[PDB]
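Q:
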Amino acid sequence: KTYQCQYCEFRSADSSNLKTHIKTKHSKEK
Ligand SMILES: [Zn+2]
């Protein structure tokens, strides 16, 4: 299988680029 994002519809078959995704796209610096 693949992985999914729990914010948007970002389902990638990578972890290194899914966790970074979450950080740089949902939980950045606020
Ligand atoms: Zn996302």
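So for the sequence shown, my numbering puts the first residue at 1440; every next one is plus one.
C-beta atoms are modelled at their ideal positions from N, C-alpha and C, and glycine is treated no differently.
Taking the alpha-carbon positions, what's the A1452 to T1459 distance?
A: 13 Å
Q: Tell me whether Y1442, by its Cβ, gets closer than 7 Å to a heavy atom of ligand 1.
A: no
Q: Taking 7 Å as the line, does the beta carbon of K1464 fall inside it for any heavy atom of ligand 1?
A: A distance criterion of 7 Å places the beta-carbon of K1464 in contact range of ligand 1, judged by its closest non-hydrogen atom.
Q: For the alpha helix (DSSP H) that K1464 lies in, which residues bound it at each end?
A: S1455 to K1464
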